[PDB]
Structures are given as C-alpha cells and as structure tokens.
Amino acid sequence: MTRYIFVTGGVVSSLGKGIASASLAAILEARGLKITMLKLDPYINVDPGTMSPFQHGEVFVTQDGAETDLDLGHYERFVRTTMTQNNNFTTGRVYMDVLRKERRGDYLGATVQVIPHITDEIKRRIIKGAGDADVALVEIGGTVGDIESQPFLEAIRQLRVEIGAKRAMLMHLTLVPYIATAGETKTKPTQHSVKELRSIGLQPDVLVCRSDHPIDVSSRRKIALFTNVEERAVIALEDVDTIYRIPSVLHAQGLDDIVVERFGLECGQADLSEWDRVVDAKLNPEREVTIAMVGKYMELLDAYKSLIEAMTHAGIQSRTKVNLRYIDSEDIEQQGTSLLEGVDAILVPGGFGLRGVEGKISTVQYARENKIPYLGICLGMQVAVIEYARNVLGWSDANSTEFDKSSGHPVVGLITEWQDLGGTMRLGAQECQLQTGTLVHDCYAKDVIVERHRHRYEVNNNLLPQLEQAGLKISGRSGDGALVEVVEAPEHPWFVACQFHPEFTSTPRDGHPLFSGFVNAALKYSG
Amino acid sequence: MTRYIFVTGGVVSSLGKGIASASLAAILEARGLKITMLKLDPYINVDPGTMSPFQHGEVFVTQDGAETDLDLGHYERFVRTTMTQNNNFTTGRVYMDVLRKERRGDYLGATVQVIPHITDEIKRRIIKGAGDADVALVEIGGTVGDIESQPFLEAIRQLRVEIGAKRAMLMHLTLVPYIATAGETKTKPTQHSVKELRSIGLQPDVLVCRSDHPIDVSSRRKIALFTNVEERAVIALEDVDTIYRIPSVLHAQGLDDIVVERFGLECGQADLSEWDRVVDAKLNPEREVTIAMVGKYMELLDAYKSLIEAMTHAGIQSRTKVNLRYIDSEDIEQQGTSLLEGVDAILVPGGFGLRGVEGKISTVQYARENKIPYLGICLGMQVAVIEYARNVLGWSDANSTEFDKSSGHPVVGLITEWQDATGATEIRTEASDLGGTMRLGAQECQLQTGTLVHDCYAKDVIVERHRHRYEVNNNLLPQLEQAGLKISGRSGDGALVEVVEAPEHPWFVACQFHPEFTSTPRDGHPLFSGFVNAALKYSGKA
Amino acid sequence: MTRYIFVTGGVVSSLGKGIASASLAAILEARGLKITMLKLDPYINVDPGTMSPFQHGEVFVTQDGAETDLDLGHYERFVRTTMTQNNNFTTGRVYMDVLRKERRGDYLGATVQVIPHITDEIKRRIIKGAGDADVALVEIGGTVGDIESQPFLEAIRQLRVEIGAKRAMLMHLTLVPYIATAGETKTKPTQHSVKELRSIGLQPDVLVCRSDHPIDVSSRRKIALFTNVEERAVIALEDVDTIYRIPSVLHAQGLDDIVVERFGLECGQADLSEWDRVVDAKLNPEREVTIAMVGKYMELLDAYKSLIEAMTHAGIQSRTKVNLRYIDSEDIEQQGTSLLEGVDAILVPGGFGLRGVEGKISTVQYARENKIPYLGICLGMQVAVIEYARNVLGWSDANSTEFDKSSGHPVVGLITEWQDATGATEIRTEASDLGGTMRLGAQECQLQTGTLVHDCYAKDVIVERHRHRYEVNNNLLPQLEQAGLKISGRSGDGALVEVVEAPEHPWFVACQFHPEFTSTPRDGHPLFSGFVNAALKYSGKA
C-alpha cells in the first residue's frame, strides 16, 4: 500500500519546494526505500512545452518524450529513478481530459463539476504516477491562497481523509522573513499561511521554514505552539552554500525519523556518504577554470537550470570550480568577439527564439580558429555546421531554414523542404550511432547510447558529403544513421557539436562523460 | 454604451434568479428600453445538451440551434427578443476554447491562468452576448460561496471596476426563512451571504429577498442596515400566485426607478397594461377543461417547463383554466387506457429516454379511436405514425428504429437507413453514425392548405424549432397516405414529414418540431390555442 | 469637517506604521494644515503602563499624565502638537468602559455586542481624539488578519461608509520581501494582505511598500493592477538612512498631493526646509563624540526610543555624531569601571527593574571623581544622590527604600515614609500603599539661578514630564546640601528635590523628570544640548 507525502508552498513562491522534495527523496533513497516524485502545476497550460522560459524557467524533457516542469530535473538529480509524463501534470490537462470524457458522454447526463469529477481525475493521476513505489512525494505548484491550487489542495485533503494518517503527511514550506529595522525574524506570515491551510481543511504535519538568516529555537517553539505541531516537526532550512548539503541538514533534524515513524516503515539507517562526497567535492575544489557561455537569456531565473547543473556535475567529478562568464549574443554582435578572450572553453547551448544567431556564428568561428575547447548543444551544432560551411566550404550566405530564407546554401533545414508542411517535432529519447575513434567514443566508451532530444530542424544530407570531404567529422548519427547527430572538428584539440541535450541525464552523483571530457579539455588548455 | 445588471444567488439554489431577472427585463421593456439577458452556468459541461433533466431541468433550444439552459425560455417569454448561443454559456466552453487557444499558441508562451485569461474570456463573452442592448441582465448560476462560480463573480467584479457604477449593478437574490418554532423570519443567512459576497470584493446594490411568508418592514430595515444598502434597494419578492405578476410587484417597489436612477437612463414611464391583462386573464378564468399529459417524468422539477408554459399561454389566451392530469406511460402499460377516462384532450410530448413507449402508443390509439383531441410533439408524432400503421394498415410489428430495429415495418427511422433502400427492412443498422442527423434549431415548414395546422398557423410557410433525430420513413409513407393518414406539413423543401393529422377526428395534430419553445404569455401560440379550443369543443359535448 | 486617514499593517509587524503616519503628518503640517494623530492598540491591556518593554518597547508619558504607546512620541517629534490621553487607547479600555456602561444600565436592557456597541465606542473615541484638526491620522496596531484588530477595522469601515471618500482614506503598509534565492522581490504576501483587507470590506487607497531592496517600477505596476489602485497611489518606502528624510521621500512621490486631491483641501505647497536642514545636519556631521549609556536593557528593541531620539536631537543641534556605547550595569558590577575608559560623557537613565543598581552607583562614582560629564534621569538622580551620600558623607550603607529598606541612611524614599518622622531609619515600610505616589505627567519645576540647569533651560520656572515614585528624603537633605551637593531645581512648590548638581564638576546634572519626552528633532532640548556641549568640551581636552 503506497504512502504519500504532500509538499506545498506558503507566503511567497520560489521557496524551493522541488529542492526540498528532492532532498527528502534522496534521504529516503539512502534508507533503501524506492521513492518517486510527482509535480502538479496550477496552470491551465496542457503541457509546459509552449511556455516561454520567462514564466517558469526551463522546460525539462523526460525520457518517455514529455516536456515537463523543471522540478522533475531535480528529481532525477537526487534519486536514480527515470521520470515519465505520469510524474508531472497540470490543471489544464485534467480539465481537457474531463471535457473530452464529458463530450464522450461517459458521465451519463450528470452535472460535471470541480468536485467530485476534477478531484477524482487528479487523484487518479496521482495514484497512476505513484506506481509501485513505497513513498511518493507529490509537490503542489503555487502558493496557498491562490484559487488556482485549490483543486489540488482539495484532492490531497480527500486522499488524506481516505487513506488515513498512516499513509499521508503534509510538508508545508513557508518563509520567515528577517526584518532589518527590527533585527529579528517574524512568524506572523507563517501563521497566516497556516491559517489559510486550516481554513481549507488541511492541517500541515511538518513546517519547513525558509530564511536568509538563522532561525532560532524560540521562534521554532512559537511556530510549533501556534500551529499545534510537534516541536521536532519544525524543520529550519536556511540559505545554504550548495543544495546537495540540504539532505544532510534535514537528516540532522530527524525529519526522516518523523517520516518513518508516521509511516511505520522498517528499513536501515540513512547512509549519506555519497552526498557527503558531493558536498566535499563542491565546497573544496582544487583546480579552477573559466568557461564562456553565450546565448540569449543567461542569468534569467532557472532558464538553463539543467545545463548549469550538468556543468557543475562535470566540475565536481574533476574537483574544479567551474567559473562561468555569461555573455549575451547581441553583445558579441554589436561589439565583436573580443569579449571572449581569456576564457579556457566556450559553450553554445540551445537558444530561446531567433534573435542574435550571427553572434553565435562568430562565437563558434572564434572558438574553432583559436583552438579553444568548444561544445555546442542543439542550436550549437546547427551554428557550428553553418559556420563551418561558411568558412571552409566558402558559402558566405549559408544559413538555416529557421532564420532568413535568403540562403542559397541551407546546410540545416526541415525535412519537408528536402528529398509550412507541419513539423517533425523531434522530442524525447532516441537511439544513437557513435563513430569509433572519435572524442564521443572516447567519452561514452561505447557505440549504443540513449539520450534525449528536443529539436525539429536537422542537418540536410544533400550538402553533407561536401562538408564531410571538407574535413568536418561526422562522429555520430541517429539510431539508424539517416540523420546527422554529433560532429567534430578535424584539427581542434576538443570540438564537439551535438544535437541532443545531454545535460538532462547528468546527475551530481555520477556526472556525465561528455561534460567531464569538456571540463578536462578546458583544464588541458590552460589549467 | 451598454449597461449591465448582474444577478446572483444566495443561501440555497432554486430562488428564481432567471424569473426575477426576466421580470426586471420585462419592466424595462415596458419603459421602451431594448433589453437582453445572458445566462452563465458554473458547470464544466460544454453545453447542457448532454445533461439529464434530473440535474437542472429541461434543455431549451434557441432559434439559431443551440441547446441552452431553461432560463433562456423565461427570457423570451418576458421580453420580445430572440436568444442565440451568445446569450448562454458555461465554464466548460470557456475552459475548452481557452485550452484550444493555448494549444494554437495564441498566448505566445504565457502562463494561462484563471486570472486574467479565463476572466477575460468570460468578459468577452458577456460583451458579445450583450450586443447593442441598452441594458443586459447577466445571471450567474449556482449560489454564492461555491468555488464553481468564483470566475464569474471575479469577472463581474472586474467589469464593475472597469466601467463604473453608472454602467453596472448587482441585484443579489437571497432567502429569508420562516422559522416555525420562532414565528418570525431570520436575516442571518442573508447576512452571511452578503459577507461571502464582500469577501470576494462584491457589494450588492439591490437585494431580492425570497420567502413563503410576508417580509415585514423591520426586517427590510435590518437587512439594509446590516449590509449597508439603501432601504429602497431592498425588494421583497415572496412566493406569488403567478409569475406574471412579479413585473407589477417589483414595479410597485420602484426597482425600475432604481435602475433608471443609477444608470442615468431617459425613458418613458413603465406601462404594464399587457402584463396586467395577462395576470387578470390567468387568475380569473371563466371556462375550465382537464387535459391529460402522458410522458416519462411528468412531475419532475422543471422538466417540461416550456410545454407547461405553452399550455398556460393557450389557457390564458382563451380564459380557460387548463387543469392537467399527469400520467406515467408505464402506468398505462400496466393498468390499461382506463386511466384516461374523463379527460377532454390528450397530449404525448417528447419522451426523456426509451422506456414505456408502448404506453404512449396505446394512449395515441385511445385518443384517436374515441375522438378525443390529440396533439403530439416530437416523439408524439412518431408514436402517432407507428400506431396508425399498426391499427389501420395491419402492420402489427411496425415500430421505430429507435426501439425495434428488427421490426419488419420501420415507419420511423434515420434518413441514412432508408435513404436509398430496396424496401421493407432494409435498415443498415451500424447506429448510423452521422451526428448531424439531429435536426436542431429553427427550420422552415410548409403547411398544406385546408388542414388543421394551416387553420391554426394561418400561414402557408412557418418556421419552428426542432430537436429530433428520427424521421418518418418515406419508403413506406405512400401506404400511410392512402390509408387515410393526412400529411398536413412537410419540411422547408418538402423532403421530410413534419406534421400529420387523422382523417376522421375532431382534432388530431402531431408535429415533429416543438411549438412550446416559441410560445409566449402575451401572444400565445396558434397551435396550442387551437388544441385548447378543440378540448373546449369536446368539453360538455363529450 | 474633520477628515481621517487610516493606517494599517500587513504581512508582518514592525513595518513602521507610526513612523510613516508621523511623516505624512509632518508633510501636511508643512502645508499649513493642523494635523493630529491617534493610536489604537489591539490588546486588552487598559493602558500600556503595566506592560513590560519586552513586548512593545518603551512606555511614553504624555503632558496630561497618561502612559501611552511609544508611537505618540513620534507624533510629537514630527508635528508641533501635544498628545493627550484621547490620542491613544486600547481594546481593553473600550471593553472596560462598555462593561461599566452596561453595569450602570445605560444600555437599558439591550444585548451589548461588538457590533454596534464596541464599534460605536471606538468611533466616538476616534472623534474625540481627532478634535478640531483638519486631518487626523488614525493608526491601527497589529497586522491585518489578526482577530484582535477586527473591531478597529470594522469601526474604520463604518466611518468610511458614513462620511464618504471625501473625508476618509486607507493607507495600508505592506512588506515586499527580497528573496535572495530568486534575486527579486515578491508581491504575493502584499496581494494576500490586500485580499484579507477586501474580505472585511476595506479597500486600500494608498499602499506603502516596505523593503530592504529597491522597489522597481514593474513591481509597482503589478501591485497597483492586482489590487485595483491607481499607479500613483503605490508608494515605495524602503529602509532609509534616517527617518527624518521620509517626509522628503513621500513628498517626492506626491502622497500629500493625493491627500489634498482626495480630501479637496486648499492649502499652500509643502515647504520642507526645516526637515531638509534636519537631514543635512544629521547625515553630514562635523564633530564626533562617544557617550556611554549604562542601563538595564540597552539594545532591546525600542526600549529607550525617546532617549536615543533625544540624544540624536542634541547631536544634530550641534552637528555632532554622538556615537553611543551601550554597557550593562551588571557588566560594570562584575568587571569594574574599567569598561568606561575612553568615553567623553556618561549617562544613567531610568532603569527597567531592580537588578544591578550597584553598577549604576559605581558608574556615577566614576563619572564624578574623574570629571567626566554626567547626566542622570529618574533613577539617575536617585543613584547620584545615593552615591554622593556614600562617598562624601561617609554613609556607606546609604541606599533607597526601593532596594534596601533596612538601610540606616535612606536618602531616597517615598513621601509617606519620611513625611513626619523623627529621623534616621524611621521607615514605616508596609509598602506605603498610596498608588498616587507615582508622579506622572507634566509638573512645574523651579530652577535656582546660576546653576547648570538654569544655564541650559534659560528660564526660572520650567515644565517637564515625570514618571517616578521614589523621591529625595528631605529629613536628610540638609546634610547633603552642606556636604556640597547642589540642589539646582525643586518642584513647582519647592517641597521636593528635582535636579541636583555636583560642586566641582565640569558638568553633572541629575533630573528626576524625563527630558527626553519633550525633545524634538527640529527644536532639540536645552538640557541634552548642554550635556553634549559638555562632552564636546571634555573631548580632546580630556
């Protein structure tokens, strides 16, 4: 009989609900339990695929082929479980499915409503996502008090009522602010959030207090008495130097003890040795390298969370503090490539939109001419191919069908204008064919791998042989070899341009061979 | 500039939101203003067509062909305007079209939320429904305090904020209950409802208090003080003897004066002479008949609201008290036609479901053979055709493909089944998946000269509202025609059978369309008036 | 007609409700208007006199003799008016007087409720406090959402309804927090606070947003849209370098223009020259001293707000940055007077409790013997007298009856103890139950000519605020007088000792009253100014 822990937010968003849930999942994984996590989004977008990064950051891609909330990434980085479309869903999906059922007449002339039809669908989806796992952590997006999250709150209240306290808990994340003029932290907004939760029939069992200043014991006593919650169930989670240390801190407060006591589980004591290794390798580096990063929206909130996490994992597998320099592509366009001097490696990840691609073209040109370790991702391989055609094959006007169609040399383009008209929508996991003796083979140490892709425009095979005889290495193709996947430079110390997004499978406790090789090349350059 | 009056419910449902809104609209129409009304349903059903009558009563059919809430009917019966699909919509349709817009990418990578996307959709639909009307009365379904109606309340709050008090009002319907153990009425539930309204930023401007006992002046003063509304803005609307007197009642309390004062409208004084005539001819009848109606769920709440309204309109147009005997078809099946003795006319309307059609067949047989005036609607015409084929032509097993697809004489069926068929039981079955076989909304109908339907409607070509899938089988129609079954009306092009008549009957008319939808209290309906006069002819004579 | 501006708190407490209200009042005073302010405390303590400083800081003493909230002090420091007991009250006093009215039968057998009896009492007290002022700023203690402040919010809602928008505003203080992990400020808690305000029928008219980080324009646009207030009605009030610049800050955002536009007032443009001078002389000092203050709870939140304000006023009046060293008396007791080395002046203010008086005795001794300027307040004068009797007259065990009633030389005690006594330890003990022994509020004080206090105050008869029970024992005073202890000031009738001075000291003044209560930033205080100039004389010279 599966058991559920519900996670909610309070006062203000951006508390770290996903990080705390993933930390708990890692903690219980260290105890031998099989843990799974779910994300419920209180917006009526069917999937986050259409959503821009300005709203809720990046759009994570799972192995089964779903564009999900970025929090799922944290999940895969804290437990070794593969996430599918069942572990993340939205209010819009629920409403659309119930509308389709009602149009199908499955309700037999009944007044379909939020209660009980919508809540029934939400509960069914939650149970389906839980699967066979011993414990499922269901995170609720948004903050309590918003009317968008009320269906989720009612559904979890119904679940708590139906399966009892032995199989359900409420971990509510709330912020205690430090008021500078008063020189102390205030628990009043937390009390207001707890009152809001009580007014909807939900009594939190654990309170996670977030603050940028220490949370003292007297405040914990007051917050425990003013919410009718046992003292040890008041967890203080402050701003930390690294997220991977959060499982330690929580363990130091016996919250996993509370979970196992409430659920009546029998398993061994938590072994956090691996996370201790991660935190030790993060806070105590030995080497140091600065890697450039060029794109469109770099410092945007959680816009490239998976990519930065992957590069941190690569630097942590090699004990290097990977300093990052973020340069906008338009800065390179209107100022020249001179902003890139002094770096030891250059990265071009997937760009959001169409503006400022000539800047990335100049960037890959500068990286390849100056023999600086270059790794391109998605749009990176596309701009690398375009630049290589421009500066080796001499096609000055070579471009892609994404951008200005005034291009007599479309080295990258949609399949339809080859061999409107819809879109390929190349999304999800796919099989790969590496080439022997290449850098990709030198890193992956195999010829068959499974990685995730989020592209639509591919490399045109019409002009492929001309580039192939021009020196452009084809170090990887699709699972059948039909399309170009990853390319390399012939006379470069390290130059890989891949269509897929490898940063999604990178974890802190295992790293990623390609990113590790990129970091090692960066150290080889100067470090 | 369009002006809006919002209508809300409180305490409990079934207060009469639609009736009160329609009465106010009638009052304003009597002042010369051009009024329209809208109905917003807080359920996620796309349209009420799939909904059973057990939930929210009948399913009205508009002229443009939409299945809407029954309240729209009230609208057309209180002002002389025509409702379209823009005048009624639901949370389900709003959510579905917003989801389709999001899938189209029309939001350009934006987080679609209840606020402001859903509220924007609701407001746009309100504006589109309002049209060029001087005043639009927007009614909100459900009761205040349910989470289902929160988007609508938020949208009307945004409207109030955006266009100001000179173009917006809130008329909130509440219930003051009479506590028998205390011998007085309590204002506490109304105060709680007003508190719930205040919690969502909505302050009522007019209060319509509903009770089965008189609402005394001290209660009005307390309810105005405890909710910070002027005394004259508290309207007492008790259970009345007939709904058509509510326009008078409200007019006696200066509700229209309040509307005109707030909106700054310049119009003539209210003239309720037509409604006075209606109430006088409804409350003081001179003649009296007893008309039987056999059906499926007769006494169910508001299941046949439009048809009973049509009968009331026919009765008032003739100053006759049409007492009605509701009989279940299964009762006729298990007890015989002897339950029909003593009536002056017999009705078989559209049936809700498939159970007990044989009862209606026997009812049609008894009505025809004993020369008792009969009018059939939708299923009524179908069962009339089936019974006529059974008892005249000798086709004992004749039926409709709705009930028996193995019948050797399918006198009623879908168009595809007998469109191009050799004859007899050439039913292609397979459920005839077409979807559009359901004729819905206004369609033309040509009436043969010299028939009862032509005598009533008095025009050669009429227009009426359809809601039906099963038609008359044209491959066997000539045999019925030469057997004496009169075809008194056909479709706008003549391809399909519309209204039929008996050959040797004082009055026997069966129409496929629903005439009760275009029946109004101030104008009546020629068909129902003729049917009631036929019952008057039968009364006393037989 | 009196006009009201209401001030409320949100999210968390300690936003600066009183400071913001006083700053707005100062702005309006600069326009020539006659402003007053009121403080409404949502606790059932009758007056804050019994309350400890740990709860809500110091206990202010008004001229008429009332123990009030510290916020009243801010009032007197921002406009040149005097606060009375009508300008501050609590839920406890309202409930107690309503209960007394009910016991008197003044309600004539009526069910006394929160609405309308308590609200009526609160409104009447608001009107009485407002007086003849053109504008009254009524501040509500606590944070919106607590059930303790609901009566006050309901009362101000009733006021808004009754006198209209032309005589009422709501300026709501809220907190926008900077989330370090997100690198931006969140408006969600403010929106929740506004929702809580809307749930009780209160719509804010001005929003004062408080943060430690800049409030960008997009946040202001979002916070105005999501709460349906005009953009110019969103005021950004961040943590400032000094509070006296808030009148400038708000004036730069047209808050006074909003107040004038809403209330329809006709007055001259704001002239903040005095506040500009204050901020310039506070933020850009030229000299610098370090003054020691030894006490009981020195760094406690707002425990000595008026006294630190008085020191700031004295410093700005002399363009000197008065750095302050806070030292606990017990630290002096257990470590010696060596913690005092390096300072230019020494202060011993009124003590909160009875612990560590020997430390203050040693502090007075060290200040006198080493010719370091000393000013004592309330307990300061008492310990000065005790130390002078101990170390000059040789009365080693001399003390006050507050701490030692068995002392053979009670140089300080209650009036009844030595009123008619033979001499020496004729203490009647029994706690001297009088209640009125506590001198409170404004009393006169005659100053001897040619003394330091007369040089500072420059007048023969002054008026100052008292809060003290223990007086100087007149049965032993002549011995102190002939021992060299100067009696530089006595009561309005001369019966009691008020201010004393050392005979061979550069500056040594000990006053029984509290001068910090009448100290203002735009006018300073002669006593504190003289003390700071004495420290300036000591600085460099010694």
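Swiss-Prot numbering applies to chain A: residues 1-419, 433-540, in that order.
Per deposition record, X-ray crystallography, 3.2 Å.
Cβ atoms here come from the backbone N, Cα and C positions, even for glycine.
A:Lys222 is the residue from A:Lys101, A:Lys222, A:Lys282, A:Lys296 that Swiss-Prot records in the CTP site together with A:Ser13, A:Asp146, A:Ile147, A:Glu148, A:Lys186, A:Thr187, A:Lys188, A:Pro189, A:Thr190, A:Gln191. For the ATP site, Swiss-Prot records A:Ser14, A:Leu15, A:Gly16, A:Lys17, A:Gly18, A:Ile19, and the single candidate of A:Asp64, A:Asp69, A:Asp71 listed with them is A:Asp71. Site annotation for L-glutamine in Swiss-Prot covers A:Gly351, A:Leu379, A:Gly380, A:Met381, A:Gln382, A:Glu402, and the matching candidate from A:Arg277, A:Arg287, A:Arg469 is A:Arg469. For the recorded ATP site, residues A:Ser14, A:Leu15, A:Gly16, A:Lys17, A:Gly18, A:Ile19, A:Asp71 set the reference point as the centre of their Cβ atoms, and the other residues of that chain within 8 Å of it by Cβ are A:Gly9, A:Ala20, A:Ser21, A:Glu139, A:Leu173.
With respect to their backbone Cα atoms, A:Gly351 (L-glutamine binding site) and A:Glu139 (Mg(2+) binding site) stand 29 Å from each other. Distance between Cα atoms for A:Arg469 (L-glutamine binding site) and A:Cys378 (active site, nucleophile): 10 Å, as a whole number.
A:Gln382 (L-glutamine binding site) sits 13 Å from A:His514 (active site), taking the Cα positions as reference.
Proximity to chain B (Cβ-Cβ under 8 A) holds for A:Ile147 out of the recorded positions A:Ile147, A:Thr190, A:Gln191, A:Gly351, A:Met381, A:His514. Counting in whole angstrom, A:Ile19 (ATP binding site) lies 10 from A:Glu139 (Mg(2+) binding site) by their C-alpha atoms. In this structure, A:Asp71 (ATP binding site) is part of a helix by DSSP. Each of the binding-site residues A:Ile19, A:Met381 was assessed for Cβ neighbours inside 10 Å, and the highest tally belongs to A:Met381. Listed binding-site residues: A:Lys17, A:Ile147, A:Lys188, A:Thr190. Those with a CB under 8 Å from a CB in chain C, in sequence order: A:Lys188. Separating the Cα atoms of A:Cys378 (active site, nucleophile) and A:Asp71 (ATP binding site) is a whole-number distance of 22 Å. Proximity of A:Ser14 (ATP binding site) to non-local residues of its own chain (separation of 6 or more, Cβ distance below 8 Å) is seen for A:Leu301, given in sequence order. Recorded residues A:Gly16 (ATP binding site) and A:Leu379 (L-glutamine binding site) have their alpha carbons 30 Å apart, per Cα-Cα distance. Closest to A:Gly380 (L-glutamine binding site) by Cα-Cα distance, out of the binding-site residues A:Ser13, A:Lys186, A:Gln191, is A:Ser13. Within 8 Å of the Cβ centroid of the L-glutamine site, not counting the listed residues A:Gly351, A:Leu379, A:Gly380, A:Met381, A:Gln382, A:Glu402, A:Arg469, the chain contributes A:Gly350, A:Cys378, A:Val383, A:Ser400, A:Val412, A:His468, A:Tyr470.
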